[PDB]
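>>> Any chance you can model this:
(6 chains, ligands or ions: 24)
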Amino acid sequence: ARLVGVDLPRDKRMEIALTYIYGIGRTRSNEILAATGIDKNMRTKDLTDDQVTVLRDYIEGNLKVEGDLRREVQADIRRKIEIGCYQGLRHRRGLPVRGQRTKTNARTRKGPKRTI
Amino acid sequence: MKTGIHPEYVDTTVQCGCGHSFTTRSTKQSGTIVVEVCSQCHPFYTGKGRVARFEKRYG
Amino acid sequence: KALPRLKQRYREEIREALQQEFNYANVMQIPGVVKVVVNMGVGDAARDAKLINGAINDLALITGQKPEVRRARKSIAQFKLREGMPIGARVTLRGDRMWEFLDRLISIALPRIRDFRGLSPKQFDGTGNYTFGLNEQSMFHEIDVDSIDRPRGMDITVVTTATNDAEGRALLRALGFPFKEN
Amino acid sequence: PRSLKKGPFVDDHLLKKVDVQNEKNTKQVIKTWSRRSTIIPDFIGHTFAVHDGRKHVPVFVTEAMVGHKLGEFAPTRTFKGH
RNA sequence: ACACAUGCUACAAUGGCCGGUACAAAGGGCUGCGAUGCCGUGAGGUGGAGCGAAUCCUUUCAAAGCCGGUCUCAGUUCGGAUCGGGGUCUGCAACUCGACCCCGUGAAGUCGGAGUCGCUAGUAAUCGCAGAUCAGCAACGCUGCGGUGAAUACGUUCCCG
RNA sequence: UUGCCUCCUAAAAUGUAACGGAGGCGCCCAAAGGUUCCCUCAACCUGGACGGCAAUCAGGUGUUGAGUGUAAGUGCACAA
Ligand SMILES: [Mg+2]
Ligand SMILES: [Mg+2]
Ligand SMILES: [Mg+2]
Ligand SMILES: [Mg+2]
Ligand SMILES: [Mg+2]
Ligand SMILES: [Mg+2]
Ligand SMILES: [Mg+2]
Ligand SMILES: [Mg+2]
Ligand SMILES: [Mg+2]
Ligand SMILES: [Mg+2]
Ligand SMILES: [Mg+2]
Ligand SMILES: [Mg+2]
Ligand SMILES: [Mg+2]
Ligand SMILES: [Mg+2]
Ligand SMILES: [Mg+2]
Ligand SMILES: [Mg+2]
Ligand SMILES: [Mg+2]
Ligand SMILES: [Mg+2]
Ligand SMILES: [Mg+2]
Ligand SMILES: [Mg+2]
Ligand SMILES: [Mg+2]
Ligand SMILES: [Mg+2]
Ligand SMILES: [Mg+2]
Ligand SMILES: [Zn+2]
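Numbers count the residues shown, from 1 in each chain, chains lettered A, B, ... in the order given. Ligands and ions are numbered 1, 2, ... in the order given. Now the structure:
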């Protein structure tokens, strides 16, 4: 189907299908589908246009998802990067921000291994 | 209008969840398009601080 | 004994709107819109001749008339390109079809853009013609999501009789085009 | 994070110093060794010399910096690379 | 910017997730262990029954197990790193530097080259539990406790001592 | 080095030497030939999803600076 700018996968149970939306994950799925009253055990084939309407209305109502969410998170990172906060210096360097161990690991921040 | 080379241009009717109807030309051979969002629906057409975040917590 | 809706809305309202706003000496100097050109530059058609055949079906489905392939008129090294390799496709829209496409685009396609914050008013060039790009052909409804190989972008340009950017902006504004304000 | 039940932490030392500073309307450079006090709206325009352990660093508090501990804006260790 | 070493979690279907249900051993407790109840979604909050403890609390204590449903081989309902927001508790104080919870985020990774290590039965493999240090914890460590439980040993030519 | 083609030398017809100065050729094309009909570049400016000095799209300025299978000259926008 089509929901909030996304394209829902061909066959998935709806609680898994809604997770392709960038602002939603399994728990928010078991919230949204409980509130709307749409069974989570349905396919994406058996979804209707009306059901898509109730869904879009609800999750645009109480939840921020997708593009606005990304813009907002990016906005938080550049917010703390500008004020010259410690975490900001870390984001600049491309190192681990949470106080983790940079002597050995941290490759997921640094990226692939570049030898000397 | 060279005769054969073009895709067929049908008459078409566009229907929306907000009730708006449109009568247009389209390439859809059915001749009917049901669509979710339009010029009337969309929140852009219709127009839809750290210290505050501090005083909300503590105040 | 027939009529497209936007041609109608133009002839009856917008015309008088602009005539009240800009106070033209003659009724002729009223800007109308000449043509709408749609263009898909491929560029990887230098490497693969198959992609052009995808571009063709795209435009031909979206517009409703068969595209016109363009040769490369120069030969360039860095882009791996010679003269006579088909590079990109172009469709010119005039009269009725122009109007109907403009309407489907204004009323349907553009509201279906992912994170649509509107269009920049700044895209006019000096003469009051308006060009804007698009990232993915998935927005249009005559094109099926199911059948796409790969998202491909296209340029839409609306070229007008407008003399400057003010007049053109006013014309498209009146026409239902979603401009941001700055 | 410190729990909300306790409220935000500012040591009484620079609490008193910044109060005396903004009641006389003078904005001075206050010399503080406390890394551990969170920033309050009372501090919003002032300027601090904070201890990084080797020296005192100039810190101009702005609006964006509220809700943060002081030490974050004076970095400790120096790394210029290899 | 790196290289080494020991570990843990993985790369999935002998599996993941939801629901129901059965079985341990050992331990720990005074300004300590803290129950029913109530408030939370959950870390926990309020509260203090009862215990210097074969009695009370750690729930009657487990998890893998068994029954059932769903997922259908995919970078996925696999994987959890990373990062954003929002919290709780300890503590004069969680910035440099704590743990935990909640929402989102969802990277490498498709059984790993040359090489190399451990193990001969309640052993390997796998599953949780407790303890010491300790206000809190970098515990995936260490010392113990039990659960379920294999394969193979022709034989001394070869490598090691 | 030796034949053929173009410029300069060459002294405003033609012609004109040197072991004077520069280059080319010993082919290509079944269309790059014949004809009818249509069109105008290069460069520069503004604007456009990848896309950048430069790909394709739009608009503007631009009388010839592009382009002519292949050297160079004489020509060709009236178009060769
Ligand atoms: Mg114009
Ligand atoms: Mg070593
Ligand atoms: Mg370890
Ligand atoms: Mg395990
Ligand atoms: Mg697991
Ligand atoms: Mg999982
Ligand atoms: Mg269970
Ligand atoms: Mg025993
Ligand atoms: Mg409860
Ligand atoms: Mg029970
Ligand atoms: Mg996953
Ligand atoms: Mg990979
Ligand atoms: Mg696999
Ligand atoms: Mg191997
Ligand atoms: Mg032995
Ligand atoms: Mg401890
Ligand atoms: Mg002569
Ligand atoms: Mg002569
Ligand atoms: Mg003479
Ligand atoms: Mg002579
Ligand atoms: Mg020669
Ligand atoms: Mg010919
Ligand atoms: Mg042009
Ligand atoms: Zn609508």
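>>> buried sites along the lengthiest helix in chain A?
When chain A is parsed with DSSP state H, its longest helix is helix A:66-82. The neighbour-count check on helix A:66-82 (16 or more other C-beta atoms under 10 Å in any protein chain shown) flags A:66, A:67, A:69, A:80 as buried. The way it works is simple: take the backbone N, C-alpha and C, and place the C-beta from them, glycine included.
>>> list the helices and strands it packs on?
helix A:86-93 (3 or more C-beta pairs under 8 Å, 6 or more residues apart in numbering or on different chains; DSSP states H and E).
>>> in the helix it packs on, what counts as buried?
Per 16+ other C-beta under 10 Å, helix A:86-93 contains these buried residues: A:86, A:87, A:88, A:89, A:90, A:91.
>>> ok, now stretch C:104-124?
Buried, per 16+ other C-beta under 10 Å, within stretch C:104-124: C:104-113, C:116, C:119, C:121, C:124.
>>> So that stretch, near chain A or not?
Yes: Stretch C:104-124 comes into contact with chain A (C-beta under 8 Å from any C-beta of the partner chain), by way of C:114, C:115.
>>> Looking at chain D, which residue is nearest ligand 24?
Closest residue of chain D to ligand 24, C-beta to the ion: residue D:64 (40.1 Å).
>>> What backbone torsions are found at the one residue sitting closest to the centre of chain C?
The centre of chain C sits closest to residue C:156, judged by C-alpha atoms, centre = their mean, with a distance of 2.5 Å. In terms of degrees, to the nearest 10, the main-chain angles of residue C:156 are phi -110, psi 130.
>>> just residue D:58 next, same as before
Residue D:58 adopts backbone torsions of phi -70, psi 130, taken as degrees, to the nearest 10.
>>> Could you report the neighbour count for it?
11 (other C-beta atoms under 10 Å in any protein chain shown).
>>> Could you tell me which residues of chain B lie near RNA strand E?
With C-beta under 7 Å from any atom of the strand as the criterion, chain B comes near RNA strand E at residues B:53, B:57.
>>> coming back round to it: wait, the residue nearest to the centre of chain C touches residue C:132, no?
Yes: using C-beta atoms under 8 Å, residue C:156 makes contact with residue C:132 at a distance of 5.9 Å.
>>> the longest helix in chain C is where?
In chain C, ranked by residue count with DSSP H as the criterion, the top helix is helix C:51-62.
>>> what distance separates that helix from the centre of its chain?
In terms of C-alpha atoms, centre = their mean, to the nearest Å, the centre of helix C:51-62 is set 15 Å apart from its chain centre.
>>> Stretch A:15-33 now?
Relative to the centre of its chain, stretch A:15-33 is centred 10 Å away, using C-alpha atoms, centre = their mean.
>>> Could you give me the buried positions within that stretch?
Neighbour counts over stretch A:15-33 (16+ other C-beta under 10 Å) mark A:15, A:17-19, A:21-24, A:28-29, A:31-33 as buried.
>>> and what of stretch B:29-42?
Buried residues in stretch B:29-42, counted by 16+ other C-beta under 10 Å: B:33, B:35, B:36, B:37, B:38, B:39, B:42.
>>> Check stretch B:50-59 too.
B:50, B:54.
>>> Tell me if that stretch is near chain D.
Yes: under the criterion of C-beta under 8 Å from any C-beta, stretch B:50-59 makes contact with chain D via B:50, B:51, B:53, B:54, B:55, B:57, B:58.
>>> hmm, who's touching that stretch?
D:4, D:7, D:8, D:40, D:41, D:44, D:63, D:64, D:65, D:66, D:67 (C-beta atoms under 8 Å, 6 or more residues apart in numbering or on different chains).
>>> Turn those residues into a markdown table, columns for secondary structure, distance to residue C:146 and neighbour count.
Formatted as a markdown table, these follow (DSSP: H, G, I helix; E, B strand; the rest coil; distance: C-beta to C-beta, whole Å; neighbours: other C-beta atoms under 10 Å in any protein chain shown):
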| residue | secondary structure | distance to residue C:146 | neighbour count |
| --- | --- | --- | --- |
| D:4 | helix | 51 | 10 |
| D:7 | coil | 58 | 12 |
| D:8 | coil | 55 | 16 |
| D:40 | coil | 58 | 18 |
| D:41 | helix | 56 | 14 |
| D:44 | coil | 56 | 14 |
| D:63 | coil | 51 | 12 |
| D:64 | coil | 47 | 16 |
| D:65 | coil | 51 | 20 |
| D:66 | coil | 51 | 21 |
| D:67 | coil | 49 | 18 |
